[PDB]
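Below are the chains, spelled out letter by letter.
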Amino acid sequence: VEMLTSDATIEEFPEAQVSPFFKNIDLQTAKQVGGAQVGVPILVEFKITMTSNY
Amino acid sequence: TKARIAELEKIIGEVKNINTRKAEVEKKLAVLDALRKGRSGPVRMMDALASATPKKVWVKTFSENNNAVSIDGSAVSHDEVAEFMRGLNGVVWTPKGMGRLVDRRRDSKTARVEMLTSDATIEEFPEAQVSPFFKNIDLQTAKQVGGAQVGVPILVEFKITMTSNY
Amino acid sequence: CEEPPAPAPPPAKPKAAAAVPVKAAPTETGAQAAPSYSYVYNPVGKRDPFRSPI
Amino acid sequence: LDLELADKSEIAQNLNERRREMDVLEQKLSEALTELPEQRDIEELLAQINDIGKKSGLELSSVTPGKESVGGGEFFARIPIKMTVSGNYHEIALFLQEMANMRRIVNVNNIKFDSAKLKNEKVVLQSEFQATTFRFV
Amino acid sequence: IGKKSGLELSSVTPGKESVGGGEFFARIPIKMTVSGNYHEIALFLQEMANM
């Protein structure tokens with residue numbers, strides 16, 4: 001779904017953390033899609049990439 | 001007059017009866033929140049079935065190489081991990097060597113818990129010391145994992161690497 | 001004017017004094033905390049692991 | 001009569017402010033708070049955080065206020081402050097313990113820190129501590 | 001006493017008061033970090049112990 005930024009290969013430094021099991025790289029993108037007169041979604045489409053643990 | 005003045009002596013009698021009890025609930029409970037941390041303290045991160053536990057608290061992974069031990073653990077707060085780190089050593093580490101085990105950690109190819117920073121090869125200068133037997137290189141990382149609505153751990157996940165003596 | 005105070009009464013203070021007092025409270029109250037402190041911590045302990053693995 | 005009517009509104013308001021925080025102080029098994037006195041001075045909290053940071057030797061790389069937690073209490077809006085300081089482990093333990101010994105309502109909670117040097121050629125720990133004070137609603 | 005002993009005072013770091021280090025006293029620890037010669041640090045120590 002090419003609303004999305006691309007990619008999946010990099011090197012990561014932790015800023016903040018809540019799951020000890022997951023290394024999210026970043027919220028790669030996010031765009032609030034409104035819709036039209038035919039219908040809504042209105043919400044925030046997004047994309048994330050994340051390496052877990054082991 | 002004499003009616004509502006009485007009303008007000010009573011309402012202020014309340015407000016004072018009030019204000020002095022707050023400063024004691026206040027402090028009793030600050031104590032109570034130290035103590036709940038004093039009962040979480042002796043307890044956890046990582047479930048096991050052991051009669052006696054060799055460490056003060058439980059931890060996660062332990063992997064050695066007959067020169068250094070790269071460990072993986074968790075502690076109750078900025079305190080028990082400070083107690084644990086003080087019990088070992090403290091070091092100014094400098095020229096680090098990168099080696100194929102680091103990338104096997106980035107690869108996930110050697111099983112561990114990738115909250116952790118990597119590495120296990122460097123050169124160490126002592127800052128402070130408590131065990132004459134152990135050269136801790138540094139608290140490689142530490143992150144307080146909160147949990148979710150399905151459950152807690154709330155504690156501070158951490159990682160350390162340490163070469164002993166002999 | 002009003003005098004050393006006013007007349008007999010002294011007077012008028014149904015106005016001064018009535019749209020004053022104040023309301024006092026006076027709030028003999030909201031000062032400084034000792035707070036309070038919690039207590040630490042429960043272990044006896046053991047060995048297991050970690051005896052065999054070191 | 002008219003001054004006493006002043007005292008009645010004053011003390012009724014002080015009663016409301018009791019209910020406000022005495023009943024919050026009687027709160028139960030869940031989350032538990034620290035004591036809440038009316039601190040009501042924020043900029044001095046930021047300033048004193050900067051000072052304890054400086055005397056601990058830490059570089060304060062970022063202080064970021066929060067949003068008030070509109071559903072974090074019926075009688076108090078919690079404002080969280082996320083602080084971001086770098087230095088030695090001893091110095092960040094120090095910074096934390098000084099903020100936990102302050103005379104203001106900066107309840108430090110969820111802590112984190114990590115090694116800020118990519119290549120890891122010198123010791124350095126970036127630290128991000130979360131600490132909040134509890135304004136009224 | 002650091003300066004007259006010839007030492008470079010690379011860091012002085014106060015502590016936290018030891019809330020459970022006494023019923024009648026809060027102990028404040030101060031960690032001092034000075035560099036020089038063995039004779040000079042022995043000196044610095046003995047002067048602080050004679051203060």
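It should be noted that the structure appears before, not after, this text.
Residues numbered from 1 in each chain as written, not as in the entry; some residues may be left out. Chains lettered and ligands numbered in written order. Part of a larger assembly, values for the part shown. Heavy atoms only, no water. Residues with missing side-chain atoms left out of burial classes, pairs and counts.

### Focus: the overall build of chain E
Phase 1 of the analysis: Looking only at helices and strands, one finds one helix and two strands in chain E.
Phase 2 of the analysis: For chain E, the N- to C-terminal ordering of α and β elements is β-β-α.
Phase 3 of the analysis: Relative to its length of 51 residues, chain E is extended, with a C-alpha radius of gyration of 14 Å against a globular reference of 10 Å.
Phase 4 of the analysis: Seen through its principal axes, chain E has C-alpha atoms that stretch 40 × 20 × 15 Å. (Helix = DSSP H or I, 4+ residues; strand = E, 2+ residues; numbered from the N terminus. Rg over C-alpha atoms; globule rule 2.2 N^0.38 Å.)

### Focus on the overall build of chain D
Phase 1 of the analysis: Each helix and strand in chain D was counted, giving three helices and four strands.
Phase 2 of the analysis: The C-alpha radius of gyration computed for chain D amounts to 19 Å, which surpasses the reference 14 Å derived for 137 residues by more than 25%, pointing to a less compact arrangement than a globule.
Phase 3 of the analysis: Across its three principal axes, chain D shows a C-alpha extent of roughly 75 × 30 × 25 Å.
Phase 4 of the analysis: Nonlocal contacts in chain D, meaning residues at least 24 apart in sequence, comprise 54% of its contacts between residues at least 6 apart. (Contact = heavy atoms within 4.5 Å.)

### Details of the interface of chain D and chain C
Phase 1 of the analysis: Contact with chain D, which involves five residues of that partner, is made by eight residues of chain C.
Phase 2 of the analysis: Residue composition of the side of chain D that touches chain C, grouped by class: two nonpolar, no polar and three charged. (Nonpolar A, V, L, I, M, F, W, Y, C, P; charged D, E, K, R; others polar.)

### With respect to the arrangement of the chains
Phase 1 of the analysis: Summarising the chain contacts, five pairs of chains touch, and the pair with the most contacts is chains B and C.
Phase 2 of the analysis: Nowhere do chain A and chain C come into contact; their C-alpha atoms are at least 22 Å apart.
Phase 3 of the analysis: Separating chain A from chain D is a minimum C-alpha gap of 7 Å, and the two share no contact.

### Regarding the interface of chain C and chain B
Phase 1 of the analysis: Taken residue by residue, the interface counts 13 residues in chain C and 13 residues in chain B.
Phase 2 of the analysis: The residue inventory of the side of chain C that touches chain B, partitioned by class, reads seven nonpolar, three polar and three charged.

### Examining the pairing of strand 2 (residues 69–75) of chain B
All names here are of chain B.
Phase 1 of the analysis: Of the pairings in the sheet, the one linking strand 1 (residues 61–64) to strand 2 comprises four bridges and is antiparallel in character. Residue pairing for strand 2: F62 is matched across the bridge by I71.
Phase 2 of the analysis: Hairpin geometry of strand 1 and strand 2 is characterised by an intervening segment of four residues between the two adjacent antiparallel strands and by a positive phi of about 60° at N66. (Pairing = 2+ DSSP bridges.)

### Structural notes on the sheet that holds strand 5 (residues 135–144) of chain B
Phase 1 of the analysis: A sheet is described by the order of its strands in space; here eight strands give the open sequence 1(B)-2(B)-6(B)-5(B)-3(D)-4(D)-2(D)-1(D), paired in antiparallel fashion. The sheet is open, and its two edges are formed by strand 1 of chain B together with strand 1 (59–65) of chain D, each paired on a single side. Taking each pair of neighbouring strands and ignoring which way they run, the sheet shows an average axis angle of 20°.
Phase 2 of the analysis: Note: strand 5 of chain B against strand 6 (residues 156–163) of chain B, seven bridges, orientation antiparallel. By the bridge assignment, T141(B) is partnered in strand 6 of chain B with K159(B). (Axes fitted to C-alpha atoms, helices over the stretch in contact; angles between N-to-C directions.)

### Some details on unusual backbone geometry
Phase 1 of the analysis: Here the residue pair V40(C) and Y41(C) is connected by a cis peptide bond, since its omega of -20° sits within 30 degrees of zero.
Phase 2 of the analysis: By the element assignment, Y41(C) lies in the segment after helix 1 (13–19).
Phase 3 of the analysis: Phi at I154(B) takes a positive value of approximately 70°, unusual for a residue other than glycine.
Phase 4 of the analysis: Along the polypeptide, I154(B) turns up in the loop between strand 5 and strand 6.

### Description of the environment of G147(B)
Phase 1 of the analysis: With respect to the element layout, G147(B) can be found in the loop between strand 5 and strand 6.
Phase 2 of the analysis: C-alpha separation for the pair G147(B) and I71(B), spaced 76 residues apart in sequence, amounts to 22 Å.
Phase 3 of the analysis: In this view, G147(B) contacts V18(A) and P153(B); residues no more than four positions away in its chain are not counted.

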